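Quick note: the coordinates plus some simple rules give every number you see, no bench work behind them. All Cβ positions, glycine included, derive from the backbone under ideal geometry; neighbour counts span all protein chains shown.
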Amino acid sequence: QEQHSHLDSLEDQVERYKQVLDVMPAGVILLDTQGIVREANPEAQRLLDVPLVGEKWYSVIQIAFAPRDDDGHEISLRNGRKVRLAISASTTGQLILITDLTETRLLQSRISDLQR
Amino acid sequence: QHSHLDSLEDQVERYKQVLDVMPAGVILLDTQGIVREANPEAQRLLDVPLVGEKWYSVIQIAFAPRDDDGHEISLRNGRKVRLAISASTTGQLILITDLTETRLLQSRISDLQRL
């Protein structure tokens, strides 16, 4: 009857954290210190829909985003989704969290239009 | 020049940062269903003592189900959240996304289409 924990070892720690990245409902772009995507989680890969790993983040910005005048706190993608970017610095590069706010943005529009 | 994949140790390091700043709660159970780790959003959303606690204990004080909860479940503090539970090799993972605003915006809409 053996008992286990993700904190049992470093090797187990990474295993669990990987799983988290894999299934979290937000995109995660990890850059190295030269601003090249060295890892992207499934949600990131889905929202952006372009090659990520190995590309310069600035390249990706030119292909994957399509900023419209009415973006405000978020930024628009090719497919027209509106997403929020949480950009942080890393010991070994940069982290970019990507959360989809399309639906939330639609609900608020709907509300404004229905108030007329 | 550096990368988060330069070593096992750099790798955990970057993943910890992700958990820490994630706009979603993350609850990590061991195989006895004890909360072994809990990120700040989880700690914030649920707002009860988490680490070192039986999850089934936490469930009894953090949540307060309401009949209209639907795909979400309510916290005792009034928030409506969505759980995404999955099995881990070494226990369980719970993702908690806050749907309070969405539900509110949705309710406001339901109220306006009845006028």
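Listed conditions (1) in contact with a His (Cβ under 9 Å, 6 or more places away or on another chain); (2) of a type in the set (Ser, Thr, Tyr); (3) in contact (Cβ under 8 Å) with a residue 24 or more places away in the chain are all met by B:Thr89, apart from (3). Residue count for region B:78-110, restricted to those that are more than 29 Å from A:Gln3 (Cβ to Cβ), loosely packed, with under 13 Cβ neighbours inside 10 Å and more than 10 Å from chain A (Cβ to nearest Cβ): 3. The residues on offer are B:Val35, B:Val18, B:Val48, and the sole one that is surrounded by 14 or more Cβ atoms within 10 Å (Cβ to Cβ) and closer than 17 Å to A:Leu95 by Cβ is B:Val18.
How many of the residues in region A:64-77 are charged (D, E, K, R) and within 14 Å of chain B (Cβ to nearest Cβ)? Spell out how you get there, then give the answer.
The initial filter retains those residues of region A:64-77 that are charged (D, E, K, R), namely A:68-71, A:74.
Among the residues that remain, those that are also within 14 Å of chain B (Cβ to nearest Cβ) are: A:74.
Final tally of qualifying residues: 1.
Considering region B:44-67, the residues that are assigned to a helix (DSSP H, G or I) and in contact (Cβ under 8 Å) with a residue 12 or more places away in the chain include one that is farthest from A:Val23 (Cα to Cα), namely B:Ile61. Residues that are farther than 20 Å from A:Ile87 by Cβ and in a loop (DSSP other than H, G, I, E, B) were ranked within region B:6-27; the one that is nearest to the other protein chains (Cβ to nearest Cβ) is B:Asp6. Checked against (1) without any contact (Cβ under 8 Å) to a residue 24 or more places away in the chain; (2) of a type in the set (A, V, I, L, M); (3) over 15 Å from B:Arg14 (Cβ atoms), A:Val83 passes all but a single condition, namely (1).
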